[PDB]
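Colleague: Got a structure for you, questions after.
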Ligand SMILES: O=c1ccn([C@@H]2O[C@H](COP(=O)(O)OP(=O)(O)O)[C@@H](O)[C@H]2O)c(=O)[nH]1
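Here it is as structure tokens:
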């Protein structure tokens, strides 16, 4: 089998689920360890998953309950991953991981004990160890060793392993994969070591809800607005609904983890939970979003013009890429006004940008999980998987 693990928000998780589902399609018994947020997501695509640790979404936790990334709970997190992974990693021939470092180091430790290959994956080029300075890598290593090195080493001893240090190097490896689209996120030409697979995208077969189908059929193509797993700007729903209205468009408002909702009873608005983005984004006039490596990839592949309203990370990088590609607008700052979002939308709603977005869509590959599957085949070899890829 193959074990796939991670701890993070939806963007850290969805690519992993994509890889797991692809591996199962290719005849490999891929299974996962993920935070409990993702139970429904894995089940609906037929991927076995073992929940590990605290929920990542605040609203999924108890009041006052700290997130898995909180420094205060790191000892517990390390213990939990060492407790729950052994049953899942049994019978596995390789492990692929992204996300939270203390969890990743626990997972690599268990891979090391079993003598099976471990691969870490990053989702945007700026996160590659080789894109950090030496001083930065030193700093990350020292921080990790100091914060949770003792806990990791205690659990390593419990399974007979020697101590390890430089936990950033250890968790990320010396050459993590880059599961990111090369058009959207180009890798510098001098980097020969990084394997850039393309984004890991699950071909989404889920139907749209009856309510969303009805909404789409009942009028002109709407504008989607959503902020994904992350925070939304002050007055986000009001500003976005009013700005979209100003452009003579209907609104699909994704509640997201921020829990956005309608501002009135207007029938020109539909509030949605989880949706099939691949399908929906082909049926909207534009997408206002946080940029989100995964969301940006989905929008770009769907060919919808964009307004990127970056909040944190990472996200300003994607806003800039979208603007550079000419397929959308990089909103100036994290907090739109009705005026600023209206202006950005007007630009994103031209026939020209529609054509540009349509063209760039065809350049975005969706077979990154097949590249990853082949990489796994070669790592394990050094059966049904070789046969399926042939
Ligand atoms: O209703 C939704 C919300 C999210 N996604 C997918 O979840 C991923 C979110 O990726 P991103 O990197 O933007 O994650 P975030 O920053 O929101 O955690 C993308 O593949 C989205 O298309 C989806 O299919 N439907």
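Numbering (this note's numbering), first residue to last: 382 to 771.
In this text, a Cβ means the ideal position worked out from N, Cα and C, and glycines have one as well.
1) Roughly how far, in whole angstroms, is the beta-carbon of residue 633 from the beta-carbon of residue 651, given that I think they are within contact range, below 8 Å?
2) Does DSSP put residue 636 in a helix, a strand or coil?
3) Helix, strand or coil for residue 712, going by three-state DSSP, please let me know.
4) In three-state DSSP terms, what is residue 659?
5) Does the distance from the C-beta atom of residue 452 to that of residue 528 stay below 8 Å?
6) Should residue 401 and residue 760 be called a contact, given that it needs their Cβ atoms to be closer than 8 Å?
7) Contact check, residue 390 vs residue 437 under 8 Å by CB: the rounded distance?
8) Can you pull every residue whose C-beta falls closer than 5 Å to some heavy atom of ligand 1, listed in chain order?
9) Can you give me the C-alpha to C-alpha distance between residue 405 and residue 721, rounded to a whole angstrom?
10) Could you give the first and the last residue of the continuous alpha helix (DSSP H) run that contains residue 530?
11) When the distance is taken between beta carbons, is residue 408 closer than 8 Å to residue 375?
12) Under 8 Å Cβ to Cβ from residue 772, same chain only, skipping five residues before and after it: list those, please.
13) Quick check: residue 478 and residue 386, are their CB atoms within less than 8 Å of each other?
14) On the three-state DSSP scale, how would you describe residue 775?
15) Of the choices 515, 657, 683, 460, whose alpha-carbon is the least far from that of residue 540?
16) Note down the Cα distance separating residue 588 from residue 649, rounded to an integer number of angstroms.
17) Terminal residues of the continuous alpha helix (DSSP H) containing residue 595?
18) Given that a residue counts as buried once 16 or more other Cβ atoms are within 10 Å of its Cβ, and exposed if not, what is residue 395?
19) Taking Cβ positions, are residue 440 and residue 486 nearer each other than 8 Å?
20) Pick helix, strand or coil for residue 423, following the three-state DSSP scheme.
21) Do you know how far the Cα of residue 580 is from the Cα of residue 751?
22) Express the C-alpha separation of residue 497 and residue 707 in angstroms, rounding to a whole number.
23) Name the one or two DSSP bridge partners that residue 479 has.
24) From what residue to what residue does the alpha helix (DSSP H) around residue 510 run?
25) Write down the C-beta distance between residue 507 and residue 698 rounded to the nearest angstrom, noting that I regard them as a contact closer than 8 Å.
26) Which residues mark the beginning and the end of the alpha helix (DSSP H) in which residue 458 is found?
27) Please report how far the alpha carbon of residue 682 lies from the alpha carbon of residue 690, in whole angstroms.
28) Using a threshold of 8 Å, state whether the C-beta atoms of residue 730 and residue 586 are closer than that.
Modeller: Reading off the structure:
1) Position 252 of the chain shown, counted from the start, is the residue given in the question as residue 633. Position 270 of the chain shown, counted from the start, is the residue given in the question as residue 651. At roughly 5 Å, the Cβ-Cβ gap stays under 8 Å, so residue 633 and residue 651 are in contact.
2) On the chain shown, position 255 is the one that residue 636 refers to. Three-state DSSP puts residue 636 in coil, outside helix and strand.
3) Within the chain shown, the letter at position 331 stands for residue 712. If DSSP states are grouped into helix, strand and coil, residue 712 belongs with coil.
4) Within the chain shown, numbered from 1, the residue matching residue 659 stands at position 278. Helix at residue 659.
5) Stepping through the chain shown from its first residue, residue 452 is reached at position 71. Stepping through the chain shown from its first residue, residue 528 is reached at position 147. Yes, these two residues count as a Cβ contact at 8 Å.
6) Residue numbering aside, residue 401 sits at position 20 when the chain shown is read from its first letter. Residue numbering aside, residue 760 sits at position 379 when the chain shown is read from its first letter. Not a contact, by the Cβ cut-off of 8 Å.
7) By 1-based counting over the chain shown, the position of residue 390 is 9. By 1-based counting over the chain shown, the position of residue 437 is 56. Yes, they are in contact, since the Cβ atoms of residue 390 and residue 437 sit about 6 Å apart, within 8 Å.
8) 390, 391, 392, 395, 609, 610, 655, 656, 658, 673, 674, 675, 676, 679
9) In the chain shown, the residue the question calls residue 405 occupies position 24. In the chain shown, the residue the question calls residue 721 occupies position 340. Residue 405 and residue 721: Cα-Cα distance of roughly 46 Å.
10) Looking up residue 530 in the chain shown gives position 149. First-last of the alpha helix (DSSP H) with residue 530: 515-539.
11) A question about residue 375 goes unanswered here, because the residues of the chain that appear run from 382 up to 771.
12) There is simply no residue 772 to check, as the chain begins at 382 and stops at 771 in what is shown.
13) The count along the chain shown starts at 1 and reaches residue 478 at position 97. The count along the chain shown starts at 1 and reaches residue 386 at position 5. Yes, they are a contact pair.
14) The chain is shown only over 382 to 771; residue 775 falls outside these bounds and no answer can be derived.
15) Position 159 of the chain shown, counted from the first residue, corresponds to residue 540. Minimum Cα distance to residue 540 is reached at 460.
16) Your numbering for residue 588 matches position 207 in the chain shown. Your numbering for residue 649 matches position 268 in the chain shown. Distance between the alpha carbons of residue 588 and residue 649 is about 22 Å.
17) Along the chain shown, one-based indexing puts residue 595 at 214. Taken as a continuous stretch (DSSP letters only), the alpha helix (DSSP H) holding residue 595 covers 591-598.
18) For the purposes of this step, residue 395 is taken as residue 14 along the chain shown, with counting starting at 1. With 16 or more Cβ atoms within 10 Å of its Cβ, residue 395 is classed as buried.
19) Numbered from its first residue, the chain shown carries residue 440 at position 59. Numbered from its first residue, the chain shown carries residue 486 at position 105. No.
20) For this step, residue 423 is matched to residue 42 along the chain shown. Helix, per DSSP.
21) Walking along the chain shown from the start, residue 751 turns up at place 370. Walking along the chain shown from the start, residue 580 turns up at place 199. Using only the alpha carbons, I get a separation of about 10 Å.
22) On the chain shown, position 326 is the one that residue 707 refers to. On the chain shown, position 116 is the one that residue 497 refers to. Distance between the alpha carbons of residue 707 and residue 497 is about 44 Å.
23) Residue 479 sits at position 98 when you count from the first residue of the chain shown. Residue 479 is bridged to 387.
24) As a first step, residue 510 is located in the chain shown; it is residue number 129 there, counting from the start. Neither: residue 510 is in no alpha helix (DSSP H) and is coded neither H nor E.
25) Locating residue 507 in the chain shown gives position 126, counting from the first residue. Locating residue 698 in the chain shown gives position 317, counting from the first residue. So it is a contact: roughly 6 Å between Cβ atoms.
26) Here residue 458 refers to the residue found at position 77 of the chain shown. Residue 458 -> alpha helix (DSSP H) spans 455-470.
27) Residue numbering aside, residue 682 sits at position 301 when the chain shown is read from its first letter. Residue numbering aside, residue 690 sits at position 309 when the chain shown is read from its first letter. If you take the alpha carbons of residue 682 and residue 690, they lie about 19 Å apart.
28) Residue mapping note: residue 730 aligns to position 349 of the chain shown, counting from 1. Residue mapping note: residue 586 aligns to position 205 of the chain shown, counting from 1. No, these two residues do not count as a Cβ contact at 8 Å.
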